[PDB]
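Engineer: Sharing entry05.cif (mmCIF, C-alpha atoms) below.
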```cif
data_upload
#
loop_
_atom_site.label_atom_id
_atom_site.label_comp_id
_atom_site.auth_asym_id
_atom_site.auth_seq_id
_atom_site.Cartn_x
_atom_site.Cartn_y
_atom_site.Cartn_z
CA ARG A 1 -100.97 54.45 -28.48
CA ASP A 2 -104.34 52.83 -29.35
CA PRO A 3 -105.68 49.35 -30.48
CA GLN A 4 -106.30 50.71 -34.03
CA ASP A 5 -102.53 50.53 -34.61
CA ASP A 6 -102.38 46.76 -33.89
CA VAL A 7 -101.07 44.70 -36.81
CA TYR A 8 -101.03 40.93 -37.38
CA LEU A 9 -98.53 39.67 -39.95
CA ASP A 10 -98.56 36.02 -41.04
CA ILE A 11 -95.08 34.50 -41.38
CA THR A 12 -96.13 30.89 -42.12
CA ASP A 13 -99.55 29.17 -41.86
CA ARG A 14 -98.77 28.52 -38.19
CA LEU A 15 -96.51 31.43 -37.22
CA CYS A 16 -97.77 34.99 -36.86
CA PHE A 17 -96.08 38.23 -35.81
CA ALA A 18 -98.08 40.86 -33.96
CA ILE A 19 -97.38 44.44 -32.91
CA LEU A 20 -99.82 45.17 -30.09
CA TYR A 21 -100.68 48.53 -28.51
CA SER A 22 -103.26 46.91 -26.22
CA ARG A 23 -104.33 43.81 -24.23
CA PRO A 24 -103.48 40.54 -26.17
CA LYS A 25 -106.92 38.98 -26.63
CA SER A 26 -106.73 35.19 -26.46
CA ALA A 27 -108.43 32.36 -28.32
CA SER A 28 -108.57 28.56 -27.86
CA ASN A 29 -106.37 27.89 -30.89
CA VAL A 30 -103.97 30.83 -30.51
CA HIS A 31 -100.74 30.88 -28.49
CA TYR A 32 -99.30 34.31 -27.65
CA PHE A 33 -95.68 34.80 -26.54
CA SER A 34 -93.36 37.81 -26.27
CA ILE A 35 -89.61 38.12 -26.03
CA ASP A 36 -89.65 41.82 -25.02
CA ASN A 37 -88.79 40.90 -21.41
CA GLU A 38 -86.80 37.72 -22.19
CA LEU A 39 -84.35 38.69 -24.96
CA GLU A 40 -83.51 42.27 -23.97
CA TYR A 41 -80.80 44.43 -25.54
CA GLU A 42 -78.17 45.58 -23.04
CA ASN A 43 -77.64 49.20 -24.09
CA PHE A 44 -74.53 51.36 -23.82
CA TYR A 45 -76.29 54.68 -24.51
CA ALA A 46 -79.19 55.36 -26.96
CA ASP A 47 -78.47 52.20 -29.01
CA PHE A 48 -81.42 49.80 -28.82
CA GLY A 49 -80.41 47.00 -31.13
CA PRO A 50 -79.99 44.71 -33.03
CA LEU A 51 -80.03 41.74 -30.62
CA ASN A 52 -76.91 39.57 -30.53
CA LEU A 53 -76.22 36.11 -32.08
CA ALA A 54 -77.11 34.26 -28.87
CA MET A 55 -80.51 35.96 -28.71
CA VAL A 56 -81.12 35.20 -32.42
CA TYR A 57 -80.20 31.55 -31.71
CA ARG A 58 -82.36 31.41 -28.55
CA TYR A 59 -85.31 32.86 -30.49
CA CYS A 60 -84.90 30.43 -33.41
CA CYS A 61 -84.71 27.51 -30.96
CA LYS A 62 -87.79 28.85 -29.14
CA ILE A 63 -89.91 28.98 -32.33
CA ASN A 64 -88.59 25.60 -33.58
CA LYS A 65 -89.59 24.08 -30.22
CA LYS A 66 -93.03 25.75 -30.24
CA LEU A 67 -93.84 24.51 -33.76
CA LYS A 68 -92.66 21.02 -32.68
CA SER A 69 -94.52 20.64 -29.34
CA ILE A 70 -97.64 18.48 -28.89
CA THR A 71 -99.18 21.15 -26.59
CA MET A 72 -99.56 23.60 -29.51
CA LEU A 73 -100.04 21.08 -32.36
CA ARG A 74 -103.09 22.71 -34.03
CA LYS A 75 -102.50 26.16 -32.52
CA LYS A 76 -101.37 29.32 -34.28
CA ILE A 77 -98.15 30.61 -32.69
CA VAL A 78 -98.25 34.39 -32.27
CA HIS A 79 -95.08 36.33 -31.50
CA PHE A 80 -96.27 39.62 -30.05
CA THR A 81 -94.39 42.80 -29.19
CA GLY A 82 -95.51 45.88 -27.29
CA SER A 83 -95.89 49.62 -27.83
CA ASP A 84 -92.16 50.42 -27.58
CA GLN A 85 -90.74 50.98 -31.11
CA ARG A 86 -87.29 49.87 -29.93
CA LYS A 87 -88.70 46.47 -28.89
CA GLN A 88 -90.76 46.26 -32.13
CA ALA A 89 -87.59 46.74 -34.18
CA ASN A 90 -85.78 43.96 -32.29
CA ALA A 91 -88.75 41.58 -32.46
CA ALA A 92 -89.07 42.12 -36.23
CA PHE A 93 -85.29 41.60 -36.51
CA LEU A 94 -85.74 38.21 -34.80
CA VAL A 95 -88.67 37.18 -37.02
CA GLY A 96 -86.83 38.21 -40.19
CA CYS A 97 -83.68 36.35 -39.08
CA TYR A 98 -85.84 33.28 -38.45
CA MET A 99 -87.30 33.66 -41.95
CA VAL A 100 -83.83 33.85 -43.53
CA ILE A 101 -82.26 31.02 -41.45
CA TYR A 102 -84.97 28.40 -40.81
CA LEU A 103 -87.31 29.09 -43.72
CA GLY A 104 -85.87 29.49 -47.23
CA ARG A 105 -86.67 33.20 -47.51
CA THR A 106 -84.47 35.80 -49.20
CA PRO A 107 -83.72 38.98 -47.14
CA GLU A 108 -86.04 41.09 -49.34
CA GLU A 109 -88.92 38.63 -48.92
CA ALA A 110 -88.42 38.59 -45.12
CA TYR A 111 -88.46 42.41 -45.10
CA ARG A 112 -91.51 42.52 -47.48
CA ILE A 113 -93.48 40.34 -45.07
CA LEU A 114 -92.55 42.53 -42.08
CA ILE A 115 -93.48 45.87 -43.69
CA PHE A 116 -96.74 44.46 -45.19
CA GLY A 117 -99.34 46.22 -43.02
CA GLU A 118 -97.74 49.65 -43.75
CA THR A 119 -95.65 48.82 -40.69
CA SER A 120 -92.97 51.41 -40.01
CA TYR A 121 -89.83 50.38 -38.08
CA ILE A 122 -87.18 52.61 -36.54
CA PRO A 123 -83.69 51.74 -37.88
CA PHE A 124 -80.90 50.81 -35.47
CA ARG A 125 -78.82 53.54 -33.83
CA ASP A 126 -75.15 53.47 -32.78
CA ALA A 127 -73.58 53.67 -29.29
CA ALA A 128 -72.52 57.36 -29.64
CA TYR A 129 -73.45 60.39 -27.53
CA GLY A 130 -76.17 62.67 -28.89
CA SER A 131 -77.16 62.47 -32.55
CA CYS A 132 -76.72 59.49 -34.89
CA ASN A 133 -74.98 59.89 -38.27
CA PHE A 134 -75.83 56.52 -39.81
CA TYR A 135 -78.58 53.98 -39.27
CA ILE A 136 -78.76 50.28 -40.12
CA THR A 137 -82.11 48.93 -41.29
CA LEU A 138 -83.79 45.54 -40.88
CA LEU A 139 -82.98 44.74 -44.53
CA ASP A 140 -79.29 45.52 -43.89
CA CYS A 141 -79.44 43.09 -40.94
CA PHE A 142 -81.13 40.35 -43.03
CA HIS A 143 -78.62 40.78 -45.87
CA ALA A 144 -75.85 40.47 -43.28
CA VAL A 145 -77.38 37.25 -41.86
CA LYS A 146 -77.85 35.70 -45.34
CA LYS A 147 -74.29 36.53 -46.43
CA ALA A 148 -73.10 35.20 -43.08
CA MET A 149 -74.78 31.85 -43.89
CA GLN A 150 -73.35 31.77 -47.44
CA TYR A 151 -69.78 32.64 -46.37
CA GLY A 152 -69.82 30.41 -43.28
CA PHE A 153 -69.91 33.04 -40.49
CA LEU A 154 -73.27 31.76 -39.21
CA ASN A 155 -73.83 28.05 -38.65
CA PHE A 156 -76.64 27.21 -36.23
CA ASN A 157 -75.87 23.48 -36.45
CA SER A 158 -72.49 23.91 -34.72
CA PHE A 159 -73.17 27.17 -32.81
CA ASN A 160 -71.98 26.93 -29.20
CA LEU A 161 -74.44 29.06 -27.22
CA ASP A 162 -72.80 28.36 -23.85
CA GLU A 163 -69.37 29.44 -25.14
CA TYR A 164 -70.71 32.63 -26.77
CA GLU A 165 -72.69 33.56 -23.64
CA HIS A 166 -69.80 32.75 -21.28
CA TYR A 167 -67.16 34.75 -23.18
CA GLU A 168 -69.32 37.83 -23.99
CA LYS A 169 -69.67 38.52 -20.25
CA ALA A 170 -67.30 41.16 -18.91
CA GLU A 171 -66.37 38.77 -16.05
CA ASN A 172 -65.02 36.17 -18.49
CA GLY A 173 -63.20 38.53 -20.83
CA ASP A 174 -65.80 40.37 -23.00
CA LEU A 175 -64.87 38.48 -26.14
CA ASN A 176 -66.85 37.80 -29.33
CA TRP A 177 -66.02 35.96 -32.53
CA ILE A 178 -66.87 38.03 -35.62
CA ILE A 179 -65.70 35.42 -38.15
CA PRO A 180 -65.23 31.79 -36.89
CA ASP A 181 -61.59 30.59 -36.74
CA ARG A 182 -60.45 33.97 -38.14
CA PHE A 183 -61.51 37.00 -36.02
CA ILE A 184 -61.95 37.76 -32.30
CA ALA A 185 -62.87 41.22 -31.03
CA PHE A 186 -62.27 41.83 -27.32
CA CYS A 187 -61.97 44.30 -24.44
CA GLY A 188 -58.51 45.78 -23.84
CA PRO A 189 -56.41 43.98 -21.17
CA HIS A 190 -54.67 45.90 -18.39
CA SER A 191 -51.38 45.22 -16.58
CA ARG A 192 -52.61 43.48 -13.37
CA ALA A 193 -56.06 41.88 -13.15
CA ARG A 194 -58.93 43.39 -11.17
CA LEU A 195 -61.77 40.84 -11.44
CA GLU A 196 -63.22 41.52 -7.99
CA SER A 197 -65.86 43.93 -6.67
CA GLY A 198 -67.83 44.97 -9.77
CA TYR A 199 -64.58 45.40 -11.71
CA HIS A 200 -63.97 43.16 -14.73
CA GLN A 201 -60.50 44.35 -15.79
CA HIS A 202 -58.59 41.40 -17.26
CA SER A 203 -54.87 40.84 -17.68
CA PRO A 204 -53.40 39.26 -20.90
CA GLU A 205 -53.06 35.91 -19.07
CA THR A 206 -56.78 35.09 -18.96
CA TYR A 207 -56.88 35.15 -22.78
CA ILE A 208 -53.69 33.14 -23.47
CA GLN A 209 -55.25 29.67 -22.91
CA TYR A 210 -58.42 30.40 -24.92
CA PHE A 211 -56.36 32.03 -27.68
CA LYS A 212 -53.81 29.23 -28.09
CA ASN A 213 -56.55 26.56 -28.05
CA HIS A 214 -58.51 28.39 -30.76
CA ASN A 215 -55.51 29.03 -33.08
CA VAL A 216 -54.93 32.75 -32.48
CA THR A 217 -51.49 33.56 -33.87
CA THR A 218 -51.92 37.33 -34.13
CA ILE A 219 -52.99 40.08 -31.72
CA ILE A 220 -53.59 43.68 -32.81
CA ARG A 221 -53.77 46.54 -30.29
CA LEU A 222 -55.41 49.78 -31.46
CA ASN A 223 -55.57 51.18 -27.93
CA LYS A 224 -53.00 53.16 -25.94
CA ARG A 225 -50.50 50.96 -24.06
CA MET A 226 -52.03 49.59 -20.85
CA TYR A 227 -49.84 46.47 -20.76
CA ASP A 228 -46.41 45.43 -22.08
CA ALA A 229 -46.66 43.64 -25.46
CA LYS A 230 -44.18 41.08 -24.05
CA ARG A 231 -46.94 39.43 -21.95
CA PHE A 232 -48.44 38.23 -25.25
CA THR A 233 -45.28 37.72 -27.36
CA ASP A 234 -43.67 35.62 -24.57
CA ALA A 235 -46.56 33.22 -25.15
CA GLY A 236 -45.76 33.02 -28.87
CA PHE A 237 -48.33 35.47 -30.23
CA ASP A 238 -47.49 37.97 -32.96
CA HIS A 239 -48.34 41.34 -31.37
CA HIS A 240 -48.87 44.49 -33.43
CA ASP A 241 -49.40 48.05 -32.21
CA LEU A 242 -51.65 49.95 -34.62
CA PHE A 243 -52.70 53.03 -32.67
CA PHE A 244 -55.33 55.64 -33.52
CA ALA A 245 -57.13 57.97 -31.09
CA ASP A 246 -60.28 57.04 -29.17
CA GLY A 247 -63.32 57.75 -31.31
CA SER A 248 -61.29 58.59 -34.40
CA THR A 249 -61.18 57.11 -37.89
CA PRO A 250 -58.05 55.24 -39.07
CA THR A 251 -55.74 56.55 -41.81
CA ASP A 252 -55.09 54.78 -45.13
CA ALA A 253 -51.74 53.64 -43.66
CA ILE A 254 -53.35 52.01 -40.59
CA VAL A 255 -56.11 50.37 -42.69
CA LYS A 256 -53.57 48.99 -45.19
CA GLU A 257 -51.20 47.72 -42.47
CA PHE A 258 -54.18 46.09 -40.66
CA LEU A 259 -55.20 44.35 -43.87
CA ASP A 260 -51.61 43.26 -44.63
CA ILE A 261 -51.17 41.72 -41.15
CA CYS A 262 -54.56 39.96 -41.35
CA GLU A 263 -53.98 38.70 -44.91
CA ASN A 264 -50.54 37.31 -44.02
CA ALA A 265 -51.69 35.84 -40.68
CA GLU A 266 -51.59 32.04 -40.43
CA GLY A 267 -54.41 31.56 -37.94
CA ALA A 268 -57.01 33.62 -36.09
CA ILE A 269 -56.54 37.33 -35.36
CA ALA A 270 -57.52 38.82 -31.99
CA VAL A 271 -58.15 42.56 -32.18
CA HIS A 272 -58.69 44.92 -29.24
CA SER A 273 -59.11 48.57 -28.31
CA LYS A 274 -60.30 49.94 -24.92
CA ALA A 275 -63.80 48.45 -25.14
CA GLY A 276 -63.19 46.39 -28.29
CA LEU A 277 -66.13 48.09 -29.98
CA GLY A 278 -65.35 51.32 -31.82
CA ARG A 279 -61.84 51.12 -33.28
CA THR A 280 -61.86 47.30 -33.32
CA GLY A 281 -65.16 46.93 -35.18
CA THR A 282 -64.21 49.60 -37.72
CA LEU A 283 -61.05 47.75 -38.75
CA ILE A 284 -62.55 44.23 -38.76
CA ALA A 285 -65.33 45.78 -40.87
CA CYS A 286 -62.76 47.01 -43.42
CA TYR A 287 -61.50 43.42 -43.85
CA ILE A 288 -65.02 42.04 -44.30
CA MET A 289 -65.87 44.71 -46.89
CA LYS A 290 -62.64 44.00 -48.81
CA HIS A 291 -62.71 40.19 -48.82
CA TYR A 292 -66.44 39.38 -48.81
CA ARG A 293 -67.69 42.39 -50.85
CA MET A 294 -70.33 43.30 -48.25
CA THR A 295 -71.73 46.83 -47.93
CA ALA A 296 -70.87 49.08 -44.98
CA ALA A 297 -74.42 48.69 -43.66
CA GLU A 298 -74.40 44.85 -43.94
CA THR A 299 -70.92 44.65 -42.40
CA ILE A 300 -71.69 47.00 -39.46
CA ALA A 301 -74.88 45.00 -38.90
CA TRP A 302 -72.96 41.70 -38.77
CA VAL A 303 -70.22 42.98 -36.44
CA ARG A 304 -73.01 44.33 -34.18
CA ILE A 305 -74.92 41.03 -34.15
CA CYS A 306 -71.70 39.31 -33.06
CA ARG A 307 -70.64 42.13 -30.73
CA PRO A 308 -73.20 44.87 -29.78
CA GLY A 309 -72.12 48.51 -29.84
CA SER A 310 -69.41 47.98 -32.49
CA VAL A 311 -68.52 50.85 -34.90
CA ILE A 312 -69.26 54.18 -33.16
CA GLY A 313 -70.04 57.72 -34.40
CA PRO A 314 -67.61 59.11 -37.11
CA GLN A 315 -66.47 55.52 -37.71
CA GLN A 316 -69.82 54.67 -39.37
CA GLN A 317 -69.27 57.49 -41.89
CA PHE A 318 -65.72 56.24 -42.57
CA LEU A 319 -66.89 52.75 -43.53
CA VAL A 320 -69.69 54.16 -45.76
CA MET A 321 -67.07 56.35 -47.48
CA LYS A 322 -64.48 53.57 -47.80
CA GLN A 323 -66.89 51.00 -49.28
CA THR A 324 -66.02 51.61 -52.96
CA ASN A 325 -62.24 51.67 -52.31
CA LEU A 326 -62.35 48.50 -50.18
CA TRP A 327 -64.45 46.74 -52.84
CA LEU A 328 -62.00 47.73 -55.63
CA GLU A 329 -58.99 46.61 -53.55
CA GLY A 330 -60.77 43.30 -52.93
CA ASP A 331 -61.46 42.78 -56.65
CA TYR A 332 -57.74 43.37 -57.33
CA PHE A 333 -56.73 41.00 -54.48
CA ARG A 334 -58.75 38.09 -55.90
CA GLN A 335 -57.47 38.62 -59.47
CA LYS A 336 -53.83 38.68 -58.29
CA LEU A 337 -54.25 35.24 -56.67
CA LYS A 338 -55.98 33.75 -59.74
#
```
Would you put the structure from the file into structure tokens?
Structural biologist:
Amino acid sequence: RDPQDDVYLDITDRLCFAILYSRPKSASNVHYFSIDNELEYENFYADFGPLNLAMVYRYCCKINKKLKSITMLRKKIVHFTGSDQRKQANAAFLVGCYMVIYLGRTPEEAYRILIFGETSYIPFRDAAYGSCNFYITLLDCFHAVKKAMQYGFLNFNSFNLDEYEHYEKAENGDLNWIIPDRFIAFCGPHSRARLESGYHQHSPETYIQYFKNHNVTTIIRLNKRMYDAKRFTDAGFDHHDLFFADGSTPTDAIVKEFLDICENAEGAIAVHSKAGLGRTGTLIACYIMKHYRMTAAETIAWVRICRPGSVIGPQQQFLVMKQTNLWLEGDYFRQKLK
């Protein structure tokens, strides 16, 4: 809460990251810009980040354009963020993602550069009520982004921004791809659509066309029955009911059946719960931990970058606990196929 706390961190010889607690003092060869009021996190409760894939893409495009433009040719580009620690965390997340994706930096090097001026960052909270039981750091987020690049989850050369931004909106279905051509996480459909007057309650029908055009062969419901499974199976989708209470953790039987269905699925799997966040994210996270050997923290971070608010409360603890078992089952899966 004073200009003594201001820190300037050089990213490249042209790009700089600044955390400012006062008036951004200009210079003739310095260009200041902030994303604090442009790329804002849409919170559910006390969760403040990380920002989604679209915002990471928009930021990366914004810096790439700024470093390319004739207007700022010999100018130092300074990304500044304000006094709010929540905004500082998100801004640093964006810089570190940029370092991992568009520069050849390792996650640890990106994190080293960001914490350089004894800079302390608050780790990301979950969407739960009250107190948080597990936090994801910036390093967890960078490790998630790097592994996403290596395993093909993130590809900014073929990323469709318009499609992501259209389908994430509650009015168009509240859908997000976690793993391209393999996993969709979405909001639970109701019997009868109610898309008018502030309501964004979709019926199974508004997903059918998108699903069949993007090779979804399987649909898994973890929610209580709000629609008849026929409305999906009549369209040739393999529908599975794998129920577990709202806000609960799944049993070994539900996790194993989820994995079996997903492993034996021919095309993409579309998973939903009420909001498509808690129960959905937890199970998709179990698959990612098993088949890609990613940590609970890295996995939660990735699912949250693709779909904010995913994995809530007790579910974070579950994934942290199940990490070793999922890793062992994944080692045994790959040796059985070899």
Engineer: Can you pull out every residue within 9 Å of residue 171 of chain A, counting only C-alpha atoms, but drop anything in the same chain fewer than 4 positions away, and send it as a short mmCIF file (atom, residue, chain, number, x, y, z; two decimals) with C-alpha atoms, keeping the file's coordinate frame?
Structural biologist:
```cif
data_model
loop_
_atom_site.label_atom_id
_atom_site.label_comp_id
_atom_site.auth_asym_id
_atom_site.auth_seq_id
_atom_site.Cartn_x
_atom_site.Cartn_y
_atom_site.Cartn_z
CA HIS A 166 -69.80 32.75 -21.28
CA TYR A 167 -67.16 34.75 -23.18
CA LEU A 195 -61.77 40.84 -11.44
CA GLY A 198 -67.83 44.97 -9.77
CA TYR A 199 -64.58 45.40 -11.71
CA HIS A 200 -63.97 43.16 -14.73
CA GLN A 201 -60.50 44.35 -15.79
CA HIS A 202 -58.59 41.40 -17.26
#
```
Engineer: Which residues would end up in the selection if the PyMOL selection byres ((chain A and resi 116-130) around 7) were applied here, given that I need the answer as a VMD selection string?
Structural biologist: chain A and resid 7 44 to 50 85 89 112 to 115 131 to 132 135 to 138 309 312 to 313
Engineer: Would you write out those residues with C-alpha atoms, as a tab-separated table (two decimals), keeping the file's coordinate frame?
Structural biologist:
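Wrote it out as selection.tsv, contents follow:
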```tsv
chain	number	residue	atom	x	y	z
A	7	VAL	CA	-101.07	44.70	-36.81
A	44	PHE	CA	-74.53	51.36	-23.82
A	45	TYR	CA	-76.29	54.68	-24.51
A	46	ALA	CA	-79.19	55.36	-26.96
A	47	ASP	CA	-78.47	52.20	-29.01
A	48	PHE	CA	-81.42	49.80	-28.82
A	49	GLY	CA	-80.41	47.00	-31.13
A	50	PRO	CA	-79.99	44.71	-33.03
A	85	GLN	CA	-90.74	50.98	-31.11
A	89	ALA	CA	-87.59	46.74	-34.18
A	112	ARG	CA	-91.51	42.52	-47.48
A	113	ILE	CA	-93.48	40.34	-45.07
A	114	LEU	CA	-92.55	42.53	-42.08
A	115	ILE	CA	-93.48	45.87	-43.69
A	131	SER	CA	-77.16	62.47	-32.55
A	132	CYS	CA	-76.72	59.49	-34.89
A	135	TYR	CA	-78.58	53.98	-39.27
A	136	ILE	CA	-78.76	50.28	-40.12
A	137	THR	CA	-82.11	48.93	-41.29
A	138	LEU	CA	-83.79	45.54	-40.88
A	309	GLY	CA	-72.12	48.51	-29.84
A	312	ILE	CA	-69.26	54.18	-33.16
A	313	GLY	CA	-70.04	57.72	-34.40
```
Engineer: Pick the closest to residue 303 of chain A from A:20, A:258, A:77, A:141: which is it, counting only C-alpha atoms?
Structural biologist: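 Ranking A:20, A:258, A:77, A:141 by distance to residue 303 of chain A, first place goes to A:141.
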Engineer: Could you expand the PyMOL selection byres ((chain A and resi 262) around 12) into the explicit residues it covers here, written as a PyMOL selection string?
Structural biologist: chain A and resi 182-184+216-220+238-240+255-261+263-271+283-284+286-288+290-291
Engineer: Hey, can you pull every residue with an atom no more than 12 Å from (-69.8, 59.1, -40.7), using only C-alpha atoms, and send it as an NGL selection string?
Structural biologist: :A and (126 or 128 or 131-135 or 247-249 or 282 or 296-297 or 311-322)
Engineer: Can you tell me how far atom CA of residue 104 of chain A sits from atom CA of residue 156 of chain A, in Å to one decimal?
Structural biologist: 14.5 Å
Engineer: Taking the file as I've supplied it (selection: the PyMOL selection byres ((chain A and resi 185) around 8)), which residues are included? Please answer as a count of residues only.
Structural biologist: 16
Engineer: To one decimal in Å, tell me the separation between atom CA of residue 35 of chain A and atom CA of residue 173 of chain A.
Structural biologist: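 Spanning atom CA of residue 35 of chain A to atom CA of residue 173 of chain A is a straight-line distance of 26.9 Å.
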Engineer: Select from segment 40-95 of chain A every residue with an atom at most 10 Å from any atom of segment 9-13 of chain A, then for each give the shortest pair of atoms and their distance in Å to one decimal, using all atoms listed in the file, rows by chain and rising number, as JSON lines.
Structural biologist:
```
{"residue": "A:76", "atom": "CA", "partner": "A:13", "partner_atom": "CA", "distance": 7.8}
{"residue": "A:77", "atom": "CA", "partner": "A:13", "partner_atom": "CA", "distance": 9.4}
{"residue": "A:78", "atom": "CA", "partner": "A:10", "partner_atom": "CA", "distance": 8.9}
{"residue": "A:79", "atom": "CA", "partner": "A:9", "partner_atom": "CA", "distance": 9.7}
{"residue": "A:95", "atom": "CA", "partner": "A:11", "partner_atom": "CA", "distance": 8.2}
```
Engineer: What's the separation between atom CA of residue 87 of chain A and atom CA of residue 42 of chain A, in Å to one decimal place?
Structural biologist: 12.1 Å
Engineer: For residue 144 of chain A, which residue among A:235, A:301, A:328, A:179 is the nearest when counting only C-alpha atoms?
Structural biologist: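 So, comparing all the options, the nearest one is A:301.
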Engineer: Using only C-alpha atoms, find the one residue out of A:188, A:27, A:83, A:230 that sits nearest to residue 170 of chain A.
Structural biologist: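 Closest to residue 170 of chain A, using only C-alpha atoms: A:188.
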Engineer: For residue 190 of chain A, which residue among A:273, A:213, A:155, A:299 is the nearest when counting all atoms listed in the file?
Structural biologist: A:273
Engineer: Compile the contact shell of segment 52-56 of chain A as JSON, numbers by chain: residues with an atom at most 7 Å away, counting all atoms listed in the file, same-chain residues fewer than 5 positions apart removed.
Structural biologist: {"A": [39, 94, 161, 164, 165, 305, 306, 307, 308]}
Engineer: Taking into account only C-alpha atoms, which residue in the set A:15, A:224, A:211, A:86 is nearest to residue 66 of chain A?
Structural biologist: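 Nearest to residue 66 of chain A: A:15.
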Engineer: Could you write segment 28-41 of chain A as a compact mmCIF listing (two decimals), in the frame of the given file, with N, CA, C and O atoms rebuilt where they are missing?
Structural biologist:
```txt
# COMPACT_ATOMS: atom_id res chain seq x y z
N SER A 28 -108.85 29.97 -28.14
CA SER A 28 -108.57 28.56 -27.86
C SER A 28 -107.49 27.94 -28.73
O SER A 28 -106.79 27.03 -28.29
N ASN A 29 -107.36 28.43 -29.97
CA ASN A 29 -106.37 27.89 -30.89
C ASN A 29 -105.25 28.87 -31.22
O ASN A 29 -104.61 28.77 -32.28
N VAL A 30 -105.02 29.83 -30.33
CA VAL A 30 -103.97 30.83 -30.51
C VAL A 30 -103.06 30.89 -29.28
O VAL A 30 -103.53 31.00 -28.14
N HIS A 31 -101.76 30.81 -29.53
CA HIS A 31 -100.74 30.88 -28.49
C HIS A 31 -99.92 32.16 -28.66
O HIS A 31 -99.19 32.32 -29.64
N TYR A 32 -100.03 33.04 -27.67
CA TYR A 32 -99.30 34.31 -27.65
C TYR A 32 -98.04 34.18 -26.79
O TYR A 32 -98.05 33.55 -25.73
N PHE A 33 -96.94 34.76 -27.28
CA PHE A 33 -95.68 34.80 -26.54
C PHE A 33 -94.91 36.05 -26.96
O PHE A 33 -95.00 36.48 -28.11
N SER A 34 -94.17 36.62 -26.02
CA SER A 34 -93.36 37.81 -26.27
C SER A 34 -91.95 37.57 -25.79
O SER A 34 -91.73 36.79 -24.87
N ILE A 35 -91.00 38.24 -26.43
CA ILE A 35 -89.61 38.12 -26.03
C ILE A 35 -89.09 39.45 -25.50
O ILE A 35 -87.92 39.56 -25.13
N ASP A 36 -89.97 40.46 -25.48
CA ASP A 36 -89.65 41.82 -25.02
C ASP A 36 -88.97 41.89 -23.65
O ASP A 36 -88.10 42.73 -23.42
N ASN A 37 -89.36 40.97 -22.76
CA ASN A 37 -88.79 40.90 -21.41
C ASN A 37 -87.91 39.66 -21.18
O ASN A 37 -87.49 39.39 -20.05
N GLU A 38 -87.62 38.93 -22.26
CA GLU A 38 -86.80 37.72 -22.19
C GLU A 38 -85.47 37.91 -22.91
O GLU A 38 -84.41 37.53 -22.39
N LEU A 39 -85.54 38.42 -24.14
CA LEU A 39 -84.35 38.69 -24.96
C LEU A 39 -84.24 40.21 -25.10
O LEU A 39 -84.69 40.80 -26.09
N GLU A 40 -83.68 40.82 -24.06
CA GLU A 40 -83.51 42.27 -23.97
C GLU A 40 -82.12 42.73 -24.39
O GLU A 40 -81.12 42.10 -24.04
N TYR A 41 -82.07 43.85 -25.10
CA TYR A 41 -80.80 44.43 -25.54
C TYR A 41 -80.18 45.19 -24.37
O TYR A 41 -80.86 46.00 -23.72
```
